[PDB]
């Protein structure tokens, strides 16, 4: 099945790359929780942090390691790189290995670690 991978890719394209914070509630369950590099973030803080960042001059590109996907009912894991650009600064690339679990076609949990750590 390609559903979970297609959903994850669509979220990255239409929410992240497009910096469209209004789509967070379309892609994420209201009870969503993110685990990332030692932090546990509930929906409210995830959403507000992205609303703030997406209002800045930042831009994002994404690359997927096409050899690293794992797909199962309502779940996906993969390896991605997010490249961030800011005005007058050199782009930076961060590697993210993440697991996403879905409920009713919205993301309910993500567990991820990054290299380098964003902290």
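Residue numbers count along the first chain shown, from 1.
Asker: Would you determine, from the values in the PDB entry, which of 51-59 and 71-79 has the greater average C-alpha temperature factor?
Answerer: Per the PDB entry, the higher value belongs to 51-59.
Asker: Quick check: 42-50 versus 85-93, which has the larger average CA B-factor in the record?
Answerer: Comparing 85-93 with 42-50, the higher average CA B-factor belongs to 85-93.
Asker: Determine which member of 16, 100, 105, 24 has the highest CA B-factor, using the values in the deposited entry.
Answerer: Reading the PDB entry, the winner on C-alpha B-factor is 105.
Asker: Which third, lowest, middle or highest, does the CA B-factor of residue 113 fall in along this chain?
Answerer: It belongs to the lowest third of the chain when residues are ordered by C-alpha B-factor.
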